[PDB]
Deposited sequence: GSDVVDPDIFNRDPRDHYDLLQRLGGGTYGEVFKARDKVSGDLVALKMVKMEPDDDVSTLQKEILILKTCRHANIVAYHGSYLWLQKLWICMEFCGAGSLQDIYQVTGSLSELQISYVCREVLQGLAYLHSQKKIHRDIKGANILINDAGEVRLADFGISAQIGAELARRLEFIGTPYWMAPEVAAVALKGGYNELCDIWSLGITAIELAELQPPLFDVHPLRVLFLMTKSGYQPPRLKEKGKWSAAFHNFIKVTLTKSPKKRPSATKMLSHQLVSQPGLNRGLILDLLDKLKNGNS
């Protein structure tokens, strides 16, 4: 693969002024930027590995045109950096937000869950897996819209699915669980359903479950026999519908965990009363009081 034809071979700063760092992890920064001619605001993401495999994130975002997935504007290849130009979501991520406003209301969490689920149903119908669903990767814009973002790890999934079936060993002596991994990989899209369940707890309690425990310990625990799916800490603050939502999304067995589409029929996210005003309230609270 060579760099996608639609990518711009120029310096993004020829088109945009950089105003502020919006964050980004250890390896790449996201900038609030402004179009030098239009005056329109965008977000520029500046994303060893491989150029042709790193750009998979661009392809994913570019081929997504759904109201619950962050909108793609364009991409640049300049010197030692790949840039993604996307819609600027003014309130940033849900994590950015709740770190200021505190825990979300149940109705607000319900609304986020519904919108994430719609994004996930879209993605999964295209045989895409997000693989990194969490507060920090769900963005809110000024119109109170909920947008999935950060398809870096998703790009690793998509890259494997475009390629043929390659093997390590011989099947006849393989254990059935070795066979499954070798064939289908160790997981599928239903892993996003679990992550959403954890995200809902995160929005409710400002931390994912077991956050204070060493990561490697958590990883070892999750792989033990008899791992207990997480629950909401305070049982009284939340409705039975919410407890049930958490319960089924956090179904241990991938074969019995409900799909995004099935989850969209769950009572918690089909509540009459779920509306964008819930998010506009959050944005007001973020703004002032």
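According to the record, the deposited residues with no C-alpha atom in the structure span 1-2, 50-53, 296-297.
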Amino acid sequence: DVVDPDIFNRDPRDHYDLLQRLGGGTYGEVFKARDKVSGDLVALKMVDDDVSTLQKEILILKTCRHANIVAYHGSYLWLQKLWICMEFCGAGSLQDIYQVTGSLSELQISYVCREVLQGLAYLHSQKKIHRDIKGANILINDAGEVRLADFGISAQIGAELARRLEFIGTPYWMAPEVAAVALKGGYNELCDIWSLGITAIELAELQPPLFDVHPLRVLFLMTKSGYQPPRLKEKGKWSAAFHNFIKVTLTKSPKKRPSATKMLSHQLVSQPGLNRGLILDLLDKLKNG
From here on, numbers count along this sequence of modelled residues.
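Take the two forms, superpose them, and find the largest set of C-alpha atoms that agree within 1.5 Å; that set is the rigid core.
Core-fitted comparison in 5 other deposited structures of this protein shows that, between 60-68 and 252-260, the CA atoms farther from the shown form belong to 60-68. A fit on the rigid core, followed by a root mean square over CA positions in 5 other deposited structures of this protein, ranks 73-81 against 201-209 and picks 73-81 as the more shifted one. Taking only CA atoms, the mean B-factor in the PDB entry is higher for 19-27 than for the other of 267-275 and 19-27. Taking the mean C-alpha B-factor of each stretch as recorded, 115-123 and 172-180 are not equal, and the higher mean is that of 172-180. Remark: of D150, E189, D96, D212, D212 shows the highest value [criterion: C-alpha B-factor in the PDB entry]. As recorded in the entry, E160 carries the highest CA temperature factor of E106, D132, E160, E202. Among all modelled residues in this chain, the alpha-carbon of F167 has a temperature factor (C-alpha) in the highest third. Ranked by C-alpha B-factor against the other modelled residues of its chain, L232 falls in the middle third.
Among all modelled residues in its chain, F242 ranks in the lowest third by Cα B-factor. Split the chain's modelled residues into thirds by C-alpha temperature factor. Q207 is in the middle one. In the deposited entry, the Cα temperature factor of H66 sits in the bottom third of values across the chain's modelled residues.
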